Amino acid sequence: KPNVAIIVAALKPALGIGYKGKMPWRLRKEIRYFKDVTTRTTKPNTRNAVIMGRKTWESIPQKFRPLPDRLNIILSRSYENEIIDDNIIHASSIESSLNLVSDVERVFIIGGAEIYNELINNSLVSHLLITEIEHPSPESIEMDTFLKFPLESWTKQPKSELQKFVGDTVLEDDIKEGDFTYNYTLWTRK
């Protein structure tokens, strides 16, 4: 089996993630956390996979595309299940994409909304890496895109389990970037 996790940054308490196809924030440490965790492998001869919707792919800046050091899987309902090049796979589903290569250690679902809100209730996903973002006045930030997670069916793990998961990665508490404050968290199924 492949270890499949969801990684996302969301604003509490509504868990908003975007506005008009855009990200409502630019968090410099968070971006860097995202990179290190999705890239890091333990075993040699392995890579990690990043799975995403077509729209999230289209929104990734030209030069960061495909996301380096990781296998990129792009999801569309139009896609045949084929390898485009060494770094890029097109797929109809996660299940179809997993049966396409075997060099993968960890699989990370990286967005967007339609992808998250569907794969949250898929049994393959065993971990959630949610960056919980806070703001003194959350409603002042314009938001039309939200997570629909039944978090009552999941367990927020201790920091020690997250540290285990992300290896040596530095996990700072209450990161203050402008008016935003955030923490990295780990969730497992009940």
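When you see a residue number, it is the position in the sequence shown, counting from 1. Note that the rigid core is defined as the largest set of C-alphas that superpose within 1.5 Å between two forms.
Once the rigid core is matched, which of the two stretches, 24 to 32 or 61 to 69, lies farther off on average in 5 other deposited structures of this protein by C-alpha?
If we average over structures and residues in 5 other deposited structures of this protein, the farther stretch is 61 to 69.
To spell it out: superpose each other structure in 5 other deposited structures of this protein onto this one by the rigid core, compute Cα RMS over structures and residues for 38 to 46 and for 124 to 132. Which is larger?
Comparing 38 to 46 with 124 to 132, the larger C-alpha deviation in 5 other deposited structures of this protein belongs to 38 to 46.
Higher average CA B factor in the deposited record is what I'm after, so tell me if that's 68 to 76 or 90 to 98.
90 to 98 has the higher mean C-alpha B-factor.
Higher average CA B factor in the deposited record is what I'm after, so tell me if that's 23 to 31 or 135 to 143.
Between 135 to 143 and 23 to 31, it is 135 to 143 that shows the higher mean C-alpha B-factor.
Can you tell me whether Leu186 has a C-alpha B-factor in the lowest, middle or highest third compared with the other modelled residues of the same chain?
For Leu186, whose C-alpha B-factor we compare with every modelled residue in the chain, the answer is the lowest third.
Considering only modelled residues of the same chain, in which third does the CA B-factor of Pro44 rank: lowest, middle or highest?
Ranked within chain, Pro44 CA B lands in the highest tercile.
Sorting the chain's CA B-factors, does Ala10 end up in the lowest, middle or highest third?
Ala10: CA B-factor falls in the lowest third of its chain.
Can you tell me whether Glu118 has a C-alpha B-factor in the lowest, middle or highest third compared with the other modelled residues of the same chain?
Tercile = middle for this residue's CA B-factor.
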